[PDB]
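Survey of secondary and tertiary structure
The lines below spell out each chain.
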Amino acid sequence: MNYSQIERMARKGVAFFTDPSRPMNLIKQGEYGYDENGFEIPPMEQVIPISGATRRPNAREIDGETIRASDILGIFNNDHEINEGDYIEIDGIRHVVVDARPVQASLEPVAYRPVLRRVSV
Amino acid sequence: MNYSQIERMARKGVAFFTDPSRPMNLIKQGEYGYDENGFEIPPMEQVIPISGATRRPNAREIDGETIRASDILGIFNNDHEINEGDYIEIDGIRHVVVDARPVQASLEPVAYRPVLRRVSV
Amino acid sequence: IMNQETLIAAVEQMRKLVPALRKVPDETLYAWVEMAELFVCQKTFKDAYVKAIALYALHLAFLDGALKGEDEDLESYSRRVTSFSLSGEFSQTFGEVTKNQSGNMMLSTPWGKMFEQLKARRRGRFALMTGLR
Amino acid sequence: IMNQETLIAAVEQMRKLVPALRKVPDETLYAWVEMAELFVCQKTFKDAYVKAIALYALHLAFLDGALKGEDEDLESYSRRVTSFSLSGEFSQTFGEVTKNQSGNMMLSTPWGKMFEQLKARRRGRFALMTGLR
Amino acid sequence: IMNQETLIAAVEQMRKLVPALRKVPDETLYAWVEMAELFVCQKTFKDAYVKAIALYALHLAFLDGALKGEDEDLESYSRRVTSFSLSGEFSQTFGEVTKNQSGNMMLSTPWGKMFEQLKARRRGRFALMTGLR
Amino acid sequence: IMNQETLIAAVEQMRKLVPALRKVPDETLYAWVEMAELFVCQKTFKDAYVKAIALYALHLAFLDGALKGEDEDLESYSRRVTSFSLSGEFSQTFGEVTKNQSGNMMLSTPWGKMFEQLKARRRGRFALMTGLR
Amino acid sequence: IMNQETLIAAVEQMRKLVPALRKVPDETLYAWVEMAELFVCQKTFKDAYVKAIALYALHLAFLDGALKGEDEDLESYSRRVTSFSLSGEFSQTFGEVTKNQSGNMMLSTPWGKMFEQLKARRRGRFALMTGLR
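For this coordinate set, the PDB header names cryo-EM as the determination method and states a resolution of 3.5 Å.

Right under this line is the structure:
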């Protein structure tokens, strides 16, 4: 039981494999909604600082067109919970969190193991 | 923590399984840009020396035309940062870095494990 | 304890010895040092009393984990984690730093051994006595 | 009943010695201290009686995980879980902390060891007696 | 305070003997030296006082890894990480270095052994005494 | 040390015994050798004093790893790495060079044993004395 | 200096005993032999002096890998690699040769054993001394 113990251990573990020099940011957009005529723009960014761990790099090939893209998997803490379509900014390079994957056996997940795919293509 | 420890260990490991007698080089191309009519050439080569190790050779078969080419993997150091579209000169043979694969958990990745595919076909 | 200057000096010397203690709230440091002053004899040292008291307080708090308790913890004082791992992300393994076959209990931390050797320098660890009158 | 404000001082002293006990309901601490006062002498210390009783109560509580939660602790005190793991989520193992050697029960927990040293400092570890007339 | 230029020479010689300490801030080393000076005598060496004091301070700093980082250190001196691994990136293990067999605490690090030999050659390891009349 | 030709001869002897020290900057070797000459006695050898200085310097610097620290290294003197491996590229496992159950600590490196044998031949390991007058 | 033809005979017979030593430059061997001549005596053999000096120098060189490569050796004499393996090409493990049980440093290499056997056969392994008036 005692999920606070799992929480503290996960926090220390994530802090172990992290570098406090990589600029990482998290972008949450929301609350859109169209005009009576049918076109508008959502004016909100909601960017916040964050830090964590990354592993398993992979490259992307689409049809041989030389686009040179890459994707990552991550490990994070339980502050500023991750949603299913948020943006993660890494070193000036933006990725979409395609999957959250919270390491879970209870509510208020102890940590997240997201899968990131590079923006555009 | 202390990623310099991992840096030193990786450098010593790469120096272990390497031969300082294989002519190896790195080629970077960049700074193109077209003419007002639509055709020109980027006049630069940017070749630099480099050393490392390779593993897992694999031949190339297309449809039985007997072209007889081969492809390999690499292990490299943390200097002369490897990009996604660079050329690697191996013992008279050129390859293109199709995949970088930095072994990374922080900034300035400790080492690279690139995938090299032979030029032309 | 006899004043506050000595207490502040002891806490500051302890923090100089262990820079990690600078972020710990000083209240727990006061508590630990005023509990450790019960064991030290200033008649014996009379010049390095602050050094000895800081050393003993550090060893006392680092015996087996007694300062390990921050504002949030549970009753893990009877048991020690040996390993912890996420299924497919990372793994980590712990262990005890020093074996203590001697059983004197005072050479359980480096600060304890330092305090014993400092005690032998100032006034020997012997105890020789005779019945009087 | 042992003196009320002295008991309050003892319980708050052990609480600020181990901050993790702040969340524990108070009356359990009252019961533990009122039970532990049966062991320590009075005139032997007569100055640091509060510190000594706090130390011994803490040692008694953390002897072998005798002090548990309120209801969340399952009715299993003769059984200890060494390890557990969920399928693809996490894993963990455990182990002992002290590995005692003499079976005195006193050099088995850090609190017990500190109380033992305090007793040796204050009164002694000797019992010399002879038949009276 | 012991002579300022002698202390500077001590820290300088220690730094040039162990290059890795050049990055450590000077004041922590100052504190370590002025704390370690309490052990050695002067008339014992009177020529290699700087050498002996630097050796002993180095041994104290490297006793059980007591000297740690400033803030990068986490408040666990009672626990050591035997091994750690990331999932598909790397892995590593650790272990003890010396495996002391005598419990002298001077024969536990190379620096302690070096200082022990220096003391033995200069004055000796003996203490013969008798009562005054 | 008393002059410069003996110092240069010692440095040359060390470098032509172990050639990996040719890359090491000289001043560190100078510090090590002038520190190590504090043990060797000229009157015993009087002919192979340079050889003895070189042997002692090599053994003392290779005792357990103190010259390991070059211009950049971290606080790894208290822990030994036993294995290191990338997840799918290569691996490497290390181990101790010599076992030393004797504990004399002169029998820890080959240079130490060579020096001890040289001492035995030139003037025996004995030390026999009597109280004068 | 020993006679030049004696040194040449020693080094050449050493090379024919161990042909793999042919590739090393001829100056390191001169240095090793000139250091090893400080151990072998004269009247003990007076016949097979070249054989004895070659055997002793070989034992000194191959004691614990004292003789390393020219530059290919890394500055790590206190660490041995027990195994190494590349990911998908090859693997290899390492191991010790003698497992000495006497702590003599002469029953550690075959050359040392041969040298002691020859010494015992020719002169002996004893020393009876009596006081001179």
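Moving on to the overall build of chain C. In terms of regular secondary structure, chain C is built from 5 helices and 2 strands. The N-to-C order of helical and strand elements in chain C reads α-α-α-α-β-β-α. The C-alpha radius of gyration of chain C comes to 18 Å, more than 25% above the 14 Å expected for a compact globule of 133 residues. Sorting the 133 residues of chain C into buried and exposed places 52% on the buried side. Across chain C, contacts joining residues at least 24 apart in sequence account for 50% of those joining residues at least 6 apart. Summed over its atoms, the accessible surface of chain C is roughly 6500 Å², and 56% of this surface lies on carbon and sulfur atoms. Taking the 18 positively charged and 16 negatively charged side chains of chain C as two groups, their mean positions are separated by 14 Å.

We now examine the side chain of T109(C). Residue and element names in this part refer to chain C. By the secondary structure assignment, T109 is in the loop between strand 2 (90–96) and helix 5 (110–122). Owing to a relative accessible area of 3%, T109 belongs among the buried residues under this scheme. At 2.3 Å, the side chain of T109 forms a polar contact with the side chain of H59. Not counting residues within four places of it along the chain, the set of residues in contact with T109 comprises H59, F62 and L63.

So, on to the environment of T6(D). Residues and elements named next belong to chain D. Mapped onto the elements, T6 comes out in helix 1 (residues 4–17). Residues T6 and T93, spaced 87 residues apart in sequence, show a C-alpha to C-alpha distance of 41 Å. Within the structure, the side chain of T6 is placed 2.5 Å from the backbone oxygen of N3, a separation counted as a polar contact.

Right, let's get into unusual backbone geometry. Positioned with a positive phi, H80(B) is a non-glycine residue whose angle comes to about 60°. Looking at where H80(B) falls in the secondary structure, it is placed in the loop between strand 4 (69–75) and strand 5 (87–90). Of note in this structure, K46(G) is not a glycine but carries a positive phi near 55°. Note that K46(G) resides in the loop between helix 2 (26–36) and helix 3 (49–61).

Turning our eyes to something else, we now look at the sheet that holds strand 1 (residues 80–86) of chain C. One open sheet holds the 10 strands; their spatial order is 1(D)-2(D)-1(C)-2(C)-1(E)-2(E)-1(F)-2(F)-1(G)-2(G), and the pairing between them is antiparallel. A single partner strand is all that each edge strand has here, and the edge strands are strand 1 (83–85) of chain D together with strand 2 (91–93) of chain G. Adjacent strand axes in the sheet meet at a mean angle of 15° when their direction is disregarded. Inspection of the sheet shows strand 2 of chain C paired to strand 1 (residues 79–86) of chain E by 7 bridges, in the antiparallel sense. Within the sheet, the bridge partner assigned to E96(C) lies in strand 1 of chain E and is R79(E).

Before going further, it helps to examine the interface of chain A and chain D. Between chain A and chain D, the contact holds 8 residues from the first and 6 residues from the second. Roughly 510 Å² of surface becomes buried between chain A and chain D when both sides are summed, with 53% attributable to carbon and sulfur atoms. Inspection of the chain A/chain D interface yields 1 salt bridge. The closest approach of N and O atoms between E89(D) and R113(A), which form a salt bridge, is 3.5 Å. If you list the elements that add at least two residues to the side of chain A that touches chain D, you get helix 1 (3–16) and strand 7 (102–103) of chain A.

Its rotation angle being 29°, the transformation that places chain E on chain C also includes 0.1 Å of axial translation and leaves an RMSD of 0.9 Å. Different-surface contact between copies: only 7% of interface residues of chain E are shared with the interface of chain C.

What follows deals with the layout of surface pockets. Computed from the structure, the second largest pocket encloses a volume of approximately 910 Å³. Along the walls of the second largest pocket sit 29 residues, with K119(C), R123(C), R125(C), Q117(D) and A120(D) positioned nearest its centre. Counting only elements with at least two residues in the lining of the second largest pocket, the list comes to helix 3 (42–45) and helix 5 of chain C together with helix 4 (110–122) of chain D. The element contributing the most residues to the lining of the second largest pocket is helix 4 of chain D, with 5 residues. Of the residues assigned to the lining of the second largest pocket, the class counts are 15 nonpolar, 5 polar and 9 charged.

What follows concerns the interface of chain E and chain C. At the interface, 30 residues of chain E touch 34 residues of chain C. Buried surface at the junction of chain E and chain C, summed over both partners, amounts to about 3100 Å²; 59% is from carbon and sulfur atoms. By the criterion of area lost to chain C, the three top residues of chain E are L38(E), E75(E) and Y77(E), representing 21% of everything that side buries. Residues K23(C) and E75(E) are paired through a salt bridge, measuring 3.7 Å at the closest nitrogen-oxygen approach. Scanning the region where chain E abuts chain C turns up 11 residue pairs in polar contact. Mapped by element, the contributors of at least two residues to the side of chain E that touches chain C are helix 2 (26–36), helix 3 (49–61) and strand 1 of chain E. When residues in the side of chain E that touches chain C are grouped by element, the largest group, 8 residues, is from strand 1 of chain E. Residues of the side of chain E that touches chain C, tallied by class, amount to 16 nonpolar, 7 polar and 7 charged.

Attention now goes to helix 5 of chain C. Helix length check: helix 5 of chain C (13 residues) gives 18 Å between terminal C-alpha atoms against 18 Å at 1.5 Å per residue, within 8%. The set of residues buried in helix 5 of chain C consists of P110(C), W111(C), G112(C), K113(C), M114(C), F115(C), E116(C) and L118(C). Buried residues belonging to helix 5 of chain C abut helix 3 and helix 4 (49–61) of chain C together with helix 2 and helix 3 of chain E.

Once that is clear, we can look at the packing of aromatic side chains. Tallied over the full model, the rule gives 34 aromatic pairs over all chains. Considering the side-chain rings of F62(C) and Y77(E), the 5.1 Å spacing of their centres and the 15° angle between planes classify their relative orientation as stacked. Linking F62(C) in the loop between helix 4 and strand 1 with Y77(E) in the loop between helix 3 and strand 1, this pair reaches from one chain into another. Accessibility assignment for this pair places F62(C) and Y77(E) in one class, buried. With a centroid separation of 6.1 Å and an interplanar angle of 50°, the aromatic rings of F45(D) and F115(D) are classed as tilted. Here the residue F45(D) occupies a position in the loop between helix 2 (26–36) and helix 3 (49–61), and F115(D) occupies one in helix 4, the gap between them amounting to 70 residues. Exposure class is identical for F45(D) and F115(D). Each is buried. Ring-pair connections join several aromatic residues into one group, and the members of that group are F16(B), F17(B), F90(F), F84(G), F90(G) and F94(G). One residue, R123(F), lies across the ring of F126(F), its end atom 5.5 Å from the ring centre.

Take the packing of helix 3 of chain E against helix 4 (residues 110–122) of chain E next. Residues and elements named next belong to chain E. Close contact between helix 3 and helix 4 brings their axes to 8 Å; oriented N to C, the two are set at 150°. Comparing their axes, helix 4 and helix 3 come out roughly antiparallel. With respect to the hand of their crossing, helix 3 and helix 4 are arranged in left-handed fashion. Contacts between helix 3 and helix 4 involve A52, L55, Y56, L58 and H59 on the former and, on the latter, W111, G112, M114, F115 and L118. Per-class residue counts for the contact of helix 3 with helix 4 are 8 nonpolar, 2 polar and no charged.

What counts, and where the lines are drawn
- Residues numbered from 1 in each chain as written, not as in the entry; some residues may be left out.
- Chains lettered and ligands numbered in written order.
- Part of a larger assembly, values for the part shown.
- Heavy atoms only, no water.
- Helix = DSSP H or I, 4+ residues; strand = E, 2+ residues; numbered from the N terminus.
- Rg over C-alpha atoms; globule rule 2.2 N^0.38 Å.
- Buried < 20%, exposed > 50% of the residue type's maximum accessible area, 1.4 Å probe, protein only.
- Contact = heavy atoms within 4.5 Å.
- Areas by Shrake-Rupley, 256 points an atom, 1.4 Å probe, with all protein chains shown as cover.
- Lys, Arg positive; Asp, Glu negative; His and termini not counted.
- Charge placed at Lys NZ, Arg CZ, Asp CG, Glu CD.
- Polar contact = N/O pair within 3.5 Å; in protein donor to acceptor, adjacent residues only side chain to side chain.
- Pairing = 2+ DSSP bridges.
- Axes fitted to C-alpha atoms, helices over the stretch in contact; angles between N-to-C directions.
- Buried area = accessible area lost by both parts, 1.4 Å probe.
- Salt bridge = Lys/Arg side-chain N within 4 Å of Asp/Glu carboxyl O.
- Least-squares fit on C-alpha atoms.
- 1 Å grid on protein atoms, 1.4 Å probe; cavity = no way out; pocket = protein on both sides within 12 Å on 5 of 7 lines; lining within 4 Å.
- Points joined across faces, edges and corners; volume = space filled by probe spheres on them.
- Nonpolar A, V, L, I, M, F, W, Y, C, P; charged D, E, K, R; others polar.
- Expected span 1.5 Å × (residues − 1).
- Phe/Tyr/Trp six-rings, centres within 6.5 Å; stacked < 30°, edge-to-face > 60°.
- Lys NZ or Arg CZ within 6 Å of the ring centre and 35° of its normal.
- Parallel < 35°, antiparallel > 145°, perpendicular 65-115°, else oblique.
- Left-handed = near helix turned anticlockwise from the far one by under 90°.

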